[PDB]
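Chain nomenclature is as follows: A, B, C, D, E and F, assigned in order of appearance, with residue numbering initiated at 1 for each chain independently.
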Amino acid sequence: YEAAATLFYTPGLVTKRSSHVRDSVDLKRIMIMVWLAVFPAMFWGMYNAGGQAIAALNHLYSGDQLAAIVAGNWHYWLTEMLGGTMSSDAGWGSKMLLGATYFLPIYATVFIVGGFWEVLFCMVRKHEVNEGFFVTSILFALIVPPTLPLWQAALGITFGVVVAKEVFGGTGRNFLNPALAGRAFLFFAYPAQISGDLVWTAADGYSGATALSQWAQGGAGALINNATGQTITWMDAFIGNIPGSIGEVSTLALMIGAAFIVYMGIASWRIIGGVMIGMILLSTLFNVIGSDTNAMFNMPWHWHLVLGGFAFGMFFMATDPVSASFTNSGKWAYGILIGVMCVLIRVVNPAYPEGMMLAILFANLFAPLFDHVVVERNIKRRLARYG
Amino acid sequence: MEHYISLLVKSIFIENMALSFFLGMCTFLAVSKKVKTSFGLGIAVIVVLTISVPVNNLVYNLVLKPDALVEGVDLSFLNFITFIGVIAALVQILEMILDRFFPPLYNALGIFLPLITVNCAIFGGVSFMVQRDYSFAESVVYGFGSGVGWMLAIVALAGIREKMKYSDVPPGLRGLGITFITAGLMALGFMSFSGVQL
Amino acid sequence: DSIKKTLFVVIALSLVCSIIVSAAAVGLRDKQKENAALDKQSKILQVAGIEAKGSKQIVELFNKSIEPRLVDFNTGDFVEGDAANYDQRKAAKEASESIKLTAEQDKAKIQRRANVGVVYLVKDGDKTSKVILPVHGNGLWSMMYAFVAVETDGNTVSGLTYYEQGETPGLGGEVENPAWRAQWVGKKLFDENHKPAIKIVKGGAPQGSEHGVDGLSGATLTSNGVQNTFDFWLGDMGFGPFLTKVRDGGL
Amino acid sequence: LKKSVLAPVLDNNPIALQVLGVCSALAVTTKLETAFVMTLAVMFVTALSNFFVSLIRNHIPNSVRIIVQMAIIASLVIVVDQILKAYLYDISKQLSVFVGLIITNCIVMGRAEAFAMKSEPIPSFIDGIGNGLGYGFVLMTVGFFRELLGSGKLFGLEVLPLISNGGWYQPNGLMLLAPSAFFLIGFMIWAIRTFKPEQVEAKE
Amino acid sequence: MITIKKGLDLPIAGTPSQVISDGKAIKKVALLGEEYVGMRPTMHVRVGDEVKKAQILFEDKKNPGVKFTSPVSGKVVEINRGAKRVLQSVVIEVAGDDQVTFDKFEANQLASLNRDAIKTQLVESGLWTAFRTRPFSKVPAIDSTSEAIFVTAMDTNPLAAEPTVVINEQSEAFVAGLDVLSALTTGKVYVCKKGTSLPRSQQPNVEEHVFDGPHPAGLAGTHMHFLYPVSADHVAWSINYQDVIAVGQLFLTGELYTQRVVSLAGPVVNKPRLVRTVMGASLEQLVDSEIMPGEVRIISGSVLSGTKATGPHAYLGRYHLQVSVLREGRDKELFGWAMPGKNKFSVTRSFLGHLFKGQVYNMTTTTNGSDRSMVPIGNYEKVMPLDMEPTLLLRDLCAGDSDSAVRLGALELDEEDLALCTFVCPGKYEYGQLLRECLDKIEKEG
Amino acid sequence: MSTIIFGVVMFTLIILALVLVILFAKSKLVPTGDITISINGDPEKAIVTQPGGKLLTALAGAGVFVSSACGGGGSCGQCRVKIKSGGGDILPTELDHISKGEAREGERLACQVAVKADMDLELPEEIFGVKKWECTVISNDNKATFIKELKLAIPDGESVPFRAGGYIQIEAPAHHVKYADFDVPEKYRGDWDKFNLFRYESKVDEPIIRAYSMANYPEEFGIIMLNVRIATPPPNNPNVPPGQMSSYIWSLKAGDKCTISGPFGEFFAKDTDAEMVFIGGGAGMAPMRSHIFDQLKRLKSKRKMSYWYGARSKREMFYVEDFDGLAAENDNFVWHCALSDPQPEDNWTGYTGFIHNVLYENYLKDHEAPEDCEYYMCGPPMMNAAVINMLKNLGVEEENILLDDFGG
């Protein structure tokens, strides 16, 4: 049937003009390589989502109180049925399963609903179904809290795929990041479900702040894991033993995944370098200045790196080839602006604890302007007749 | 000039003159076909706002504010006529013909002011300066922050549209529709700041 | 000739337009002021708990039951003046009547103090039963204003209404929720030592508490704004002296 | 006669074929009441401005006719603002700057210059009414969606029971923010140009 | 001296052995009509006409005075026309040795000849079509003059012949051609070459320049970009070493010299080597019994910028100096896009093939993937050494923005210059077509 | 009361703002002297205004006002005007409303350019250039069932100056006409009865003016010859109104007066030695006859010529005798005709099918060089489309085919 013949096999075509020999790479391989790069982050996110939920549940409840709670939620009683346990001594398998029962529904809903719009647009416009949706859907599914409603997820992916990408003509035509566009739609339409203390841990009745919401209140002294009463350390933040979005937590896993796609030449190291440069410079400037009241002024760069979605955005979503600048000189400025905006929104803006999404969405507007600035200098050099 | 930069940041980002208050769209969505024109147009708007807002503040405080001319008398209903006339006069001559010194400046941005003389952005800036009890203590912070935001937004839109030549928008959505969608996305991006913690 | 004709026509047009505009503007000024007064009095009556529908009803009830007064914050004692038409916001804005606060005192981030406040006494018969204190402070997105009605003992809140907040609807704008505003009735502003005791309890106040109030769900920054507002205004720098005078009796 | 008033509604819409009069059109459309009042105010101002400009185009000094028409428009807008502040205070408070910004609205100046300067008074008045109706169409059709989906109300009447009132609907936050107006206008233009292909723009 | 850092030496198998051996007998030659840019022929011959060597076959309507002549003596046997009756090729069957003869000179006199005499001799002999013009790669008009002539004494195309081996057989002819070009040049003559030694002309006008690096280093476009940037106001002329040998032989002996030395190489060639053939030879006869069995594609020129040699186009192009043969990859492979390619070539590092340095690939004509929109992962900048913005230039070309392509520098390029950009495109675009279509638009206005 | 001050303040503010604009800010560093704008390079019709204001105001004073919709500003760019004096300021927003070549050679938007220095510019004027002749009809009869010939005498003895391939403009006071009001010979009755056109009628009372080609050629003096085809409602929807002026010309009598005007035209041949080919059909016969006659009798050109005509049946071609005489007097010309609707009683089917098919199959299919000759055509739109498509497929370049908009 058509579905198999277009996905599994290679088209079996030949060159009809110009270069009679072609490079082996293609969009399918590029997108699949990106898609495979987030698997470690996905699996660790599921594990952490299960572990945090189990810890919070066993902290709040015990005995018949815990039994009534588990009997009342389908995630919990399905985990119990499938052999896992909700006891405090649950192994890694039970935590992975409990994280799966949160992640998988979101991923399936996102994929199906986005693919509907993709296929509809491609059919009506007589195109061939593209491949970047595989990356879009998984990134969107990974950058949302464990407790998103499925209808909200569907609305977000609909907005991201239709308004931001398909309206402009599909893959390679848009100028904005679709996953971030959908996340921003959710962010500004339904703030109560994607912010606060109630959404980042999937334990019923549990309410607890997160790392950046705690630093803004009390500095490094306020970083405490209320579920277990221990203090969050830099190693915990780096490994990914902290609450948050599903896939953002593990900086080690994100680095392991991103190393491959940076080595392979798919992700641009220039953008990552620019992001790091901007973040380090602005964070160190704030550290030098200091402040009597704002506790965010004293967070160092190596703490900025591991908290929030900084690593995830920098590695996997600040490097979108279509949204970024097309010139090698402009890529440095693009990354620098992204890092500067992220740190600035983190430190100075009191309304939001994180700023990666807004920073990237802002830099997407000005990347073409950096491209223009570079190309105009190139044109002047040409008119000087030395180019 | 400096009163407090939380005012400037807010007006640049969240309540942006173009992308939030919809001020100046009739030319913002039309002249943004090319970057070269938009750059000078935005610079001209910047200077006109910066000079006009404090001047209208002074005129309002000295003549049109309740009392301030004679006790028990309030001329505040002439605000619209006075503001529009002052905006028209302070440009149509006092720059259009005034800019004889600096010919390379006049041919650079002096060619764009004839279009802005009745643009709604200028009048909206003055009207905001009045509606909110600002002062010459602010003097220029608000006007400059609004003008720079307008210039930045229009230049960014022009750059985006130039980069957009590779797109394949549907025939019915070509032109005004896709421009409106792009402006909406630009505002979504621009919604990232609301204040400053020193 | 040309110049004379253009001057004449401009003269005529200006005269006609000016006459029409001035007549229209001067005719309706009193009605505009009346509309503003009605808008304020409606909220004041609603806070006082007096049922009123219609312009005539609002006017008659406000004239019958309410009595605006001016208070000097430094000594918490009444002063004589045009209490009904006072403009505390403009007084704060101006440089003569008002003062600049210091970073130590500016708990609510209001940055200036009017130096002469206006309070409304609720009267039934010849006596006084309540005093309505306008308080305001900075939230997360904008400045928030509210009226708090305290009984004549100087401790017990009879009601609270936020009438200009501008926060985020559904998340930070819940300060206007009737179910939340109904929690304040019966709470005590001060402890046995006569210091501020109102606390916006994060995660919900204990049931039956005499000082705690439930915090807004997911809006801790606006809860902090409210807490700062009440900390500043209930303190000795705000309405503290006047409230001590009220508690002394004879209001 | 009626062709002049009705054609601008959809054949030559002020905002869907040209880009005039969006500044307030997209800022005062979070409430259907404010949208309706703004539409009526624009109708009033445009009709009377066109009538008065037409009555005097024979003797108007060609050198400075812009000042004359602007003065007429400003006087009319001032009168409208006073009337709204006196009789519809609750709504006039919400409009704020955008009642005044009618002076710089492109529709009022464009119709005055292009049609009133060379048309008979009654035709100019009818043209102003028609252009006002065309403007109001977009105003009200944006306001309907924004209000309904952002607060579950129409003209303030409850239609969708909110969760905060024990209902079932959770209002959308974006509909109370600026980008929703852009998106709605764009998709409106898309639908209009799909059902009337004659208005499509050329690629070159 | 001048070092090209960016580029790509394509590691295709079947590299020729740099030794010249006599080629097979040829019975048919032809003048391809579509390889001359923007020319409208005016046929002077009809099927059955007997033609001498250097006898005019046709001339161009849009370039008055230019004459295209026969490479061999024989009979016109076929005239092929495609859609819209566009000329495809004029075929001549070799017979006899009658030829047209021209003036002679001594090696001492060449540097002092008049430009008009040189141009008349070249136009009459038909060698005037060896020159090409940047921009627009057209044959220069007879009455036009250029201030910089570029001689290409190096070849870096895949499976290309070694120019030194060929030149050392014809040192005197090469020197004479350089001397003639020195009088023609009205300026300087640039002899672009590698770091090895070549016969040298004593004239001050002639300058030798050395280029080092991967493939792009061998293109006249790169040479011009680095030594004499071209524009609408500055046009240079491009010629190659074999044409220079032909010019020298013409001005030395008074008769046209039509021999060529072309490399026959490819994955499916039994014994790659250099073969001594005639100009415009029939590839179907040249490759007879030289290839392995199966379905293969015969290309006139390198695999990067050649022309498929099928039917009416099965003849050696005038500007090509090699023949490449490789198999047709029509098969479908299950999950081929996902395999860990240990034997798959790519300019990126997502295949295992790049780990095995020195590996050589039996490449085919497959298009690895299907057409898609451009997602710029940044391959073009790896292979474009010029001082341009390749991604922006290519997007402008694809969008049809000719007026902006000129700003970004499209006037300096030729279809051979974008060959690597076409090669490494993840979207499988062909950019030579777009560049030519935009250049035609630019040229057809003024 | 006390509104006198309220009025006075507004009055004084307005008057101050107006007088400031009139007085120009107390000092202008421009020359301040009288400056001259010249039109078409001659002193007359020039304008002299002091520096200040757009060039469009000087043009309006000259009476050649140009479209300036949307208040100018480069919004749509219809204000272009050719400027002949030295170069000056050209705004960046004008550089895309005209070609890259026009961006330099004096083309500028007048609504944006301002009167600041002495200027010279060019614009067309007196475009009408009308001179007419009070021509009187001579005779009129049917050449085909839907075509009629018309002869009319000319005052002052001489023929109105004209060129082959041009058109004249004819005027007439129209009235209501009914198709029964005029008659046709018997040989056209055979289908006039079958289609029952007599029942059609039209109502008009306004004057009519239209451009029409002539069938004669310049060497004829004192007479102009032309043919007209009736505009009848299509058989697939007879309710469409008939053609008022066609019915007028078909119904009016001899001795009627119609005035010829604008005999210049806009399409003409040119002197090139290349062979020329003609194809015609129906109403298109007149321009082809004009060209053939002008080249063969008046010019007596040596270039090779040929002509094919596309008729429906024998009932639709006419005056073949003139072309036979042309072929007899000159051997470098040939005549042909084809039947697209052959009828059995015609008893002659020398050529059939559409004109383009016969042309290609008989002549061009074996022609030496189709691209080395020029083509002239006229006829029904679908014949024209077939002919041009056929020629382009045969490979003839664009410039060698000449197309007339009216078709015929």
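We take it that a residue touches a chain if its C-beta (ideal position, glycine included) is under 8 Å from a C-beta of that chain, and two chains touch if they have at least 3 such contacts.
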Problem - Pair with more cross-chain C-beta pairs in contact, given B-F and D-F - result: B-F
Handout entry: Most widely separated chain from subunit E, with each centre as the mean of CA atoms
Key = C
Completion exercise
Centre-most chain by CA centroid is B
Completion exercise
Here the gap between subunit B and subunit D, centre to centre from mean Cα coordinates and rounded to Å, is 21
Problem - Distance between chain centroids, defined by C-alpha means - subunit A, subunit B (Å) - result: 36
Practice task
Go ahead and note the Å separation of the Cα centroids belonging to subunit D and subunit E.
Solution key: 65
Problem - Where subunit A touches two or more other chains, by residue - result: 163, 169-170, 172-173, 188, 191, 350-351, 371
Fill in the blank from the handout: Listed in rising order, subunit B residues that touch 2 or more other chains are 30, 77-78, 81, 88, 166, 170, 173, 178, 181, 185, 188, 191, 194
Exercise for the section: Could you check subunit C for residues that touch two or more other chains and list them? Expected result: 10, 14, 17, 21-22, 25, 141, 168, 170
Exercise for the section: Using the contact rule from the top, write out all pairs of chains that touch. Expected result: A-B, A-C, A-D, A-E, B-C, B-D, B-E, B-F, C-D, C-F, D-F, E-F
Exercise for the section: Under the touch definition given earlier, write down the residues of subunit F that touch subunit B in their complex. Expected result: 2, 5-6, 9-10, 13-14, 17, 20-21, 24-25, 28-30, 52, 73, 75, 89, 91-93, 96
Exercise for the section: Could you pull out which subunit C residues touch subunit F in their complex? Expected result: 10-11, 14-15, 17-19, 21-23, 25-26
Practice task
Spell out the residues on subunit B that touch subunit D in their complex, using ranges where they run on.
Solution key: 19-26, 29-30, 77-81, 84, 88, 118-120, 123-124, 127-128, 131, 170-181, 183-185, 187-188, 191
Fill in the blank from the handout: Within the complex, subunit A is touched by subunit D residues 170, 172-174, 177, 183
Handout entry: subunit B partner contacts - residues on subunit A that touch it in the complex
Key = 125, 163-164, 167-170, 172-176, 181, 184, 188, 291, 293-294, 296, 341, 345, 347-351, 355, 358-359, 361-362, 364-366, 368-369, 371-372
